[PDB]
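Have a look at the structure below, then the notes.
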Amino acid sequence: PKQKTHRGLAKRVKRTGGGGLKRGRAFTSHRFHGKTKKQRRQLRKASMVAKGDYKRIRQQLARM
Amino acid sequence: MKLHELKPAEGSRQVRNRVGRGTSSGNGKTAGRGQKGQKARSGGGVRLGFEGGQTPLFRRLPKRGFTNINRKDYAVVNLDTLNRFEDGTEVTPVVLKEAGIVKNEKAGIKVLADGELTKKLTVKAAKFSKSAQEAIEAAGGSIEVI
Amino acid sequence: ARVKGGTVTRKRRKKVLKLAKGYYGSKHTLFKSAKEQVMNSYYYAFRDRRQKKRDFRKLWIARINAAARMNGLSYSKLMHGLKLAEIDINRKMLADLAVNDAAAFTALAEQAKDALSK
Amino acid sequence: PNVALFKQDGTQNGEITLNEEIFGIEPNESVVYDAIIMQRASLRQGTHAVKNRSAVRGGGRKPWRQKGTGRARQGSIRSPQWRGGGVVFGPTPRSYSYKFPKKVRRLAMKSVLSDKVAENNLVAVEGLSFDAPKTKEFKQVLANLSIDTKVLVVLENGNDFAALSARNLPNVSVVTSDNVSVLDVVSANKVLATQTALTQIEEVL
RNA sequence: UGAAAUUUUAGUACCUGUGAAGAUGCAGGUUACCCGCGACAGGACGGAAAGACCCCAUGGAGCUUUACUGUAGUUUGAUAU
RNA sequence: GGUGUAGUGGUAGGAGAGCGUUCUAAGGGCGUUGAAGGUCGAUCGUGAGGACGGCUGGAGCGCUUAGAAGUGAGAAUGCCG
RNA sequence: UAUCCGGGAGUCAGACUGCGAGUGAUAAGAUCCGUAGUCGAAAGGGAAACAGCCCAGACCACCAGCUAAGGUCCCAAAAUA
RNA sequence: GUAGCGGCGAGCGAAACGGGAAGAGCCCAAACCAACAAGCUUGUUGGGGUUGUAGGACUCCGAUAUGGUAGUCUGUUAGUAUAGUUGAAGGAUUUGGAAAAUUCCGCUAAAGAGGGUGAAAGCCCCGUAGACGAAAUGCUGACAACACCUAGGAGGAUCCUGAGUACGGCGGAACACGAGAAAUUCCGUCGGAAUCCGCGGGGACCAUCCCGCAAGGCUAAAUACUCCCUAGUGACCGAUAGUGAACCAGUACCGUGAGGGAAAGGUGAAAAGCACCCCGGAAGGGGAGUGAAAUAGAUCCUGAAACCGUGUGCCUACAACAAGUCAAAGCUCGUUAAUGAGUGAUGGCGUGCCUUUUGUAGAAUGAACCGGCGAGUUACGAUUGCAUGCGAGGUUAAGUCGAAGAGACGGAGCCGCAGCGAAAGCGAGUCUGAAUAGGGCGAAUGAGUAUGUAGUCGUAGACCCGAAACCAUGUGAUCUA
Ligand SMILES: [K+]
Ligand SMILES: [K+]
Ligand SMILES: [K+]
Ligand SMILES: [K+]
Ligand SMILES: [K+]
Ligand SMILES: [K+]
Ligand SMILES: [K+]
Ligand SMILES: [K+]
Ligand SMILES: [K+]
Ligand SMILES: [K+]
Ligand SMILES: [K+]
Ligand SMILES: [K+]
Ligand SMILES: [K+]
Ligand SMILES: [K+]
Ligand SMILES: [K+]
Ligand SMILES: [K+]
Ligand SMILES: [K+]
Ligand SMILES: [K+]
Ligand SMILES: [K+]
Ligand SMILES: [K+]
Ligand SMILES: [K+]
Ligand SMILES: [K+]
Ligand SMILES: [K+]
Ligand SMILES: [K+]
Ligand SMILES: [K+]
Ligand SMILES: [K+]
Ligand SMILES: [K+]
Ligand SMILES: [K+]
Ligand SMILES: [Mg+2]
Ligand SMILES: [Mg+2]
Ligand SMILES: [Mg+2]
Ligand SMILES: [Mg+2]
Ligand SMILES: [Mg+2]
Ligand SMILES: [Mg+2]
Ligand SMILES: [Mg+2]
Ligand SMILES: [Mg+2]
Ligand SMILES: [Mg+2]
Ligand SMILES: [Mg+2]
Ligand SMILES: [Mg+2]
Ligand SMILES: [Mg+2]
Ligand SMILES: [Mg+2]
Ligand SMILES: [Mg+2]
Ligand SMILES: [Mg+2]
Ligand SMILES: [Mg+2]
Ligand SMILES: [Mg+2]
Ligand SMILES: [Mg+2]
Ligand SMILES: [Mg+2]
Ligand SMILES: [Mg+2]
Ligand SMILES: [Mg+2]
Ligand SMILES: [Mg+2]
Ligand SMILES: [Mg+2]
Ligand SMILES: [Mg+2]
Ligand SMILES: [Mg+2]
Ligand SMILES: [Mg+2]
Ligand SMILES: [Mg+2]
Ligand SMILES: [Mg+2]
Ligand SMILES: [Mg+2]
Ligand SMILES: [Mg+2]
Ligand SMILES: [Mg+2]
Ligand SMILES: [Mg+2]
Ligand SMILES: [Mg+2]
Ligand SMILES: [Mg+2]
Ligand SMILES: [Mg+2]
Ligand SMILES: [Mg+2]
Ligand SMILES: [Mg+2]
Ligand SMILES: [Mg+2]
Ligand SMILES: [Mg+2]
Ligand SMILES: [Mg+2]
Ligand SMILES: [Mg+2]
Ligand SMILES: [Mg+2]
């Protein structure tokens, strides 16, 4: 059968032009009083999936 | 070629590797699986992305965004491709399709200014970038919105 | 496409058994015992092809020592004297002379003693 | 290129010219090999099956209790190690046919035909006409043309009497110009083709 | 007349020591001509039973309750008849 | 192909190159003047393995190239004899 | 030789010895680290036997030679130097 | 594997558009009219009518045609199924028991598919190509026959157009959609409409617009499967295989019963299956015969290994042996003729194989021995390497024709050529931001795609064997309570 896509990942990541995966940042839901404004400002920015994590999950996003 | 002298191109075909066929082959006994453990069992191994119970990366990360029901994507064409036509040519979505430049137009053709235009053309497309329109006009041509 | 066992298995086992010919009872009659003993024989044979050189050098040294003592000299003194006298005849030839050509061995011993004295 | 044209009587007529795009290309050995392998595989029927431990008759109950008997633990008398038990994996019905790119197919056909022409194993005859089918007469025709190895006789559609007289010969394989294949051309040591057949072949390719 | 459990092959000693730390098989020494028969049961950690004790498995099953979630029954009301 | 230098223990495991088995296609062969198979031999190759001869045997089988696998057993208290 | 990019893994029970500490009793073939070596995955020589100690890394042939640790009266090669 | 669903986990997962196979549309209820009977309506029958660019009734006109059928044991006809007939061409030579094999000359082919015949046959036989054939019964198609459907235009004043229905509440269920914002569809319960200025749907809901007309019914083809019958096919099995069953197999046997469930093929070309004689009670042998062969004698082709036994070339009764290896006298023998073979006094060294372990000769595990069988495979996807074709392009899928082939057509569709953003949107840029700033992701800085093959992975039993168990049908009170 067709290989299925991991819907959770599909919702949380985006494929970039270079083949990488763009992702959100954790610790951006609540309890912002426990983080400095610098932390919040720098977590607002997106990021890319690390090499090790990408090698673990790529097969689940092949046909995203 | 003769049926009694067939010869595949070098490197075109390889020999399948069979495991569990003696020790000297390098994959005897354990068949390259190692010793015991979950990965050494038939049907063994954990599901993709599983991390042994540590919260997986997708669980850590938050969901984001939404998909627009009325999303419109335009087939994109550039001045470099437009240069393939002759001066005075009437470029149309049908013309592009027949030429094979745009097999699938999606919501319609949008023209971008990645390349450098050189031919005078009358270009008809769903949309035009500002730079693309200026380049077409500078090349002596004209643009119309279908 | 089914490939039944055929005769390859018998051929392989018969080769092992022929190698095992002459072994005691089951060790030459039965394939499994034969293979185990043949493997041990291979191990012993490889080890012995190196031990054999050691053993023969040992035998030559013993015989040369006996001959040297009869000529009034120890094996160590004789070898040191021959080295000083530039003699390169090896222990195999020395033992051969001692057993067969006593006169030749005596001449070698005389030269060795002369070199030692000098 | 140009190939000598012979009359059925065996006397040679003036040459004829063949399209260079078809009979004048450089043969591509690897492409021809791929076509041959693919065609041979497609010929396979692939009907072959074995019964796994589920498909074998019976074998439901546990032969004996797990512990106590002193015997090796078993689950069914039809397990693969059991005599008469199921087969582990083994052949299962499936198709061996695959398809090449159309360009590869066309190149392979042109390559085999051009190889025949280059080696001069292509014999073009003005026409093969028999008022009635007679294998002796067709055999005499081959003798006139001086053909004694394996020959592929290519005939334009409708030359039924020629086909009937030629088919029964052991060294001859008859095919219509509309239905010619890489395997047929390669298998044949020589290719005897009528002028109309060559024209139809060129049109098809 | 005629089995069986067992059985890696065995030309199958003792002491001290060594060794996965308790050796017929390894080291040193000692003892011992070859093959049996009738008896004994020290050893072959003897045979028999993939230890039941103990621990482990994100195993099973039976049982309990103010564990959780359900539920048959029982009861109460609305409503239809 | 030659010279030189260096290197060539190895479990898990990775890479490469090969042997052998059944079958398919093509070519080229072998067989009641004896195939396969069995057995014996003091044979050849670096290895898996390959020949050759004697005897038994009585009808099918190699070889080269390529292709496909129910393709290699010594162990599973494996199954059957 | 290092990086980097990618295909394929196995490994997550370690052991001992020397040295530096802890725990222990300045006990353990104990336990837990740091450090180096060996075994693990290493045959060979010595330590009688003796995975982890000392010397030393087996691609093969030789009835050739020189040495390492360790040794030279006999078992047992070499000095009753 | 998209949109979505989902302790938003594990997973589940569409539909429309587009391309194809096949194609077919029709009948009522109601209004209205007539007949009949009862009790002006009220039931039966007939006529009439079947719809959304609203239709029908009804009222005018004009037509009494034109076409069709998804009807019939109605006939006629053609074909076909169920037996069959015909169907070319070789003799010698050598070996051999036997010729098809060898050699020499021939012959046939619309037949050189295949099978059998004393070994391997185009020409010996059965067949094959081809030609021909049906008294009888089926089946199919056509023809006719019968039968049944088939009307156009115009006006709306009124009438009809499916009620306990649609819908709503509550509780469930099906829709990929798990109550969620929830459409749509279905069930149970209760409430409960409108009706052409009407009604439903377009994913809560309202308005506009668009599309359609429920609560009645029927309908061939394309699709699914094969217990069977016929004709074939196989890089399918070849007697531990292949159906459990090649053989008197669901048999023997086991169980109270449900149920479970085997083993077992081969003489020879032809029985020519050993007349007769001898030992023996027979069995079984030895002759004599048959046969090419009887060590092919019915336990019958071949006849391996374990295991047993006979004969003997060498060794062995002072020896402590993982059974060997290295060295070696003696004796014996003469080979793929090799610096040979067998045996071996004696001396040196030396604790099996496998598994699992830090470590095993291990007093840890497994194997009594021999033989056979017995474990990473295939399908569909993902990705990487290698290879081929083409190349800013690559490529067809279903499907039609075709030998179960290749191949041709089929461009719908898929990947690539533009990215950025959650999105509107902009675009070699874009997002953030007040910013022409910085920064992120991209372009400059270009190769992809189809297929083959291999490695790995995913869904599948997924390398093989093994639970205690769980669940759903059944069979058991002939033991025992
Ligand atoms: K995210
Ligand atoms: K947070
Ligand atoms: K591996
Ligand atoms: K042990
Ligand atoms: K005892
Ligand atoms: K229990
Ligand atoms: K297999
Ligand atoms: K076994
Ligand atoms: K340490
Ligand atoms: K999908
Ligand atoms: K979960
Ligand atoms: K009507
Ligand atoms: K005959
Ligand atoms: K025949
Ligand atoms: K009939
Ligand atoms: K709903
Ligand atoms: K509608
Ligand atoms: K026989
Ligand atoms: K004997
Ligand atoms: K010995
Ligand atoms: K034990
Ligand atoms: K900016
Ligand atoms: K920027
Ligand atoms: K390529
Ligand atoms: K590939
Ligand atoms: K499986
Ligand atoms: K797998
Ligand atoms: K009773
Ligand atoms: Mg902090
Ligand atoms: Mg393959
Ligand atoms: Mg390995
Ligand atoms: Mg093994
Ligand atoms: Mg294991
Ligand atoms: Mg482990
Ligand atoms: Mg592991
Ligand atoms: Mg946790
Ligand atoms: Mg086997
Ligand atoms: Mg040395
Ligand atoms: Mg000790
Ligand atoms: Mg002891
Ligand atoms: Mg010993
Ligand atoms: Mg015990
Ligand atoms: Mg246990
Ligand atoms: Mg064979
Ligand atoms: Mg196998
Ligand atoms: Mg066995
Ligand atoms: Mg310790
Ligand atoms: Mg280990
Ligand atoms: Mg060592
Ligand atoms: Mg070890
Ligand atoms: Mg080395
Ligand atoms: Mg020296
Ligand atoms: Mg000495
Ligand atoms: Mg005939
Ligand atoms: Mg002939
Ligand atoms: Mg649902
Ligand atoms: Mg309701
Ligand atoms: Mg509704
Ligand atoms: Mg809407
Ligand atoms: Mg409408
Ligand atoms: Mg139908
Ligand atoms: Mg058999
Ligand atoms: Mg069977
Ligand atoms: Mg015989
Ligand atoms: Mg027999
Ligand atoms: Mg004595
Ligand atoms: Mg003696
Ligand atoms: Mg342990
Ligand atoms: Mg055992
Ligand atoms: Mg009763």
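Residue numbers start at 1 in each chain; chains themselves are named A, B, ... in the order of the structure tokens; ligands are numbered from 1 in the order shown.
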For this session: Would you mind listing the residues within 12 Å of ligand 24, counting only C-alpha atoms (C1' of nucleotides) and all ligand atoms, as a PyMOL selection string?
Result: chain H and resi 386-391+394+447-452
For this session: For ligand 63, collect every residue having any atom at a distance of at most 12 Å from a ligand atom (counting only C-alpha atoms (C1' of nucleotides) and all ligand atoms); output as a list in words.
Result: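 Using only C-alpha atoms (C1' of nucleotides) and all ligand atoms, I find these residues within 12 Å of ligand 63: residues 83, 84 and 85 of chain D; 237, 238, 239, 240, 241, 242, 243, 244, 245, 246, 247, 249, 262, 263, 264 and 265 of chain H.
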Within 10 Å of ligand 47, which residues of chain G come that close, and what is the closest atom pair and distance in Å for each? Count only C-alpha atoms (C1' of nucleotides) and all ligand atoms and give it as JSON lines.
{"residue": "G:15", "atom": "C1'", "partner": "ligand 47", "partner_atom_place_in_ligand_line": "1 (Mg)", "distance": 7.4}
{"residue": "G:16", "atom": "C1'", "partner": "ligand 47", "partner_atom_place_in_ligand_line": "1 (Mg)", "distance": 8.1}
{"residue": "G:28", "atom": "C1'", "partner": "ligand 47", "partner_atom_place_in_ligand_line": "1 (Mg)", "distance": 9.6}
{"residue": "G:29", "atom": "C1'", "partner": "ligand 47", "partner_atom_place_in_ligand_line": "1 (Mg)", "distance": 6.9}
{"residue": "G:30", "atom": "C1'", "partner": "ligand 47", "partner_atom_place_in_ligand_line": "1 (Mg)", "distance": 6.6}
{"residue": "G:31", "atom": "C1'", "partner": "ligand 47", "partner_atom_place_in_ligand_line": "1 (Mg)", "distance": 7.5}
For this session: Would you mind listing the residues within 7 Å of ligand 11, counting only C-alpha atoms (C1' of nucleotides) and all ligand atoms, as a ChimeraX atom specification?
Result: /H:7,9-10
Selected residues written out, C-alpha atoms (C1' of nucleotides), as a PDB file, in the first residue's frame:
ATOM      1  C1'   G H   7      -6.565  10.504  24.261  1.00  0.00           C
ATOM      2  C1'   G H   9      -1.850   9.959  20.173  1.00  0.00           C
ATOM      3  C1'   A H  10      -1.602   4.951  17.637  1.00  0.00           C
TER       4        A H  10
END
Exercise. Would you name the residues within 12 Å of ligand 23, counting only C-alpha atoms (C1' of nucleotides) and all ligand atoms, and put them as a list in words?
Worked result: residues 420, 428, 429, 430, 431, 432, 437, 438, 439, 440, 441, 442 and 443 of chain H
Pull C-alpha atoms (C1' of nucleotides) from the residues just selected and write them as a PDB file, in the first residue's frame.
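So again.pdb came out as:
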ATOM      1  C1'   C H 420       8.527  32.975   0.587  1.00  0.00           C
ATOM      2  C1'   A H 428      14.059  36.070  -7.552  1.00  0.00           C
ATOM      3  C1'   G H 429      12.462  37.369  -3.985  1.00  0.00           C
ATOM      4  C1'   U H 430       9.526  36.900   0.164  1.00  0.00           C
ATOM      5  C1'   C H 431       8.366  36.806   5.837  1.00  0.00           C
ATOM      6  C1'   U H 432       9.174  39.467  10.407  1.00  0.00           C
ATOM      7  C1'   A H 437      17.933  48.156   8.809  1.00  0.00           C
ATOM      8  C1'   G H 438      19.100  43.505  10.484  1.00  0.00           C
ATOM      9  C1'   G H 439      17.809  38.572  10.342  1.00  0.00           C
ATOM     10  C1'   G H 440      15.126  33.583   8.577  1.00  0.00           C
ATOM     11  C1'   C H 441      14.102  30.812   4.258  1.00  0.00           C
ATOM     12  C1'   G H 442      15.316  31.062  -1.020  1.00  0.00           C
ATOM     13  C1'   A H 443      18.008  33.022  -6.293  1.00  0.00           C
TER      14        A H 443
END
For this session: Using only C-alpha atoms (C1' of nucleotides) and all ligand atoms, find each protein or nucleic acid residue lying at most 7 Å from ligand 65; present the set as a PyMOL selection string.
Result: chain H and resi 300-303
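Picture a line from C1' of residue 336 in chain H to CA of residue 38 in chain C; it runs 24.7 Å.
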For this session: For residue 31 in chain C, list every protein, DNA or RNA residue within 7 Å, evaluated using only C-alpha atoms (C1' of nucleotides), and leave out those in the same chain fewer than 4 positions away; present the list as a PyMOL selection string.
Result: chain C and resi 13+17+35
Take the residues from that selection and write them out as a PDB file, in the first residue's frame, keeping N, CA and C atoms.
ATOM      1  N   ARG C  13      30.186 -33.768   2.511  1.00  0.00           N
ATOM      2  CA  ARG C  13      30.422 -34.624   3.667  1.00  0.00           C
ATOM      3  C   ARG C  13      31.412 -35.741   3.350  1.00  0.00           C
ATOM      4  N   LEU C  17      34.922 -36.798   5.238  1.00  0.00           N
ATOM      5  CA  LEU C  17      35.181 -38.154   5.714  1.00  0.00           C
ATOM      6  C   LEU C  17      36.479 -38.708   5.141  1.00  0.00           C
ATOM      7  N   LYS C  35      34.154 -34.148  11.128  1.00  0.00           N
ATOM      8  CA  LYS C  35      34.431 -32.742  10.859  1.00  0.00           C
ATOM      9  C   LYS C  35      35.117 -32.083  12.047  1.00  0.00           C
TER      10      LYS C  35
END
Restrict the calculation to only C-alpha atoms, then for each residue of chain B with any atom at most 12 Å from an atom of chain A give the closest atom pair and their distance in Å to one decimal, rows by chain and rising residue number, as CSV.
residue,atom,partner,partner_atom,distance
B:46,CA,A:56,CA,11.6
B:47,CA,A:60,CA,10.4
B:48,CA,A:57,CA,6.7
B:49,CA,A:57,CA,5.3
B:50,CA,A:56,CA,8.6
B:51,CA,A:56,CA,9.3
B:56,CA,A:53,CA,9.5
B:57,CA,A:53,CA,7.5
B:58,CA,A:9,CA,5.6
B:59,CA,A:8,CA,7.9
B:60,CA,A:26,CA,6.3
B:61,CA,A:26,CA,5.4
B:62,CA,A:12,CA,6.0
B:63,CA,A:12,CA,4.4
B:64,CA,A:12,CA,5.8
B:65,CA,A:11,CA,7.8
B:66,CA,A:11,CA,8.6
B:67,CA,A:11,CA,10.2
For this session: Within 10 Å of chain B, which residues of chain H are there when counting only C-alpha atoms (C1' of nucleotides)? Please give them as a ChimeraX atom specification.
Result: /H:3,8-10,356,375-376,386-388,392-393,411,413,417-418,422-424,426-429,443,452-455,457-458,461-464
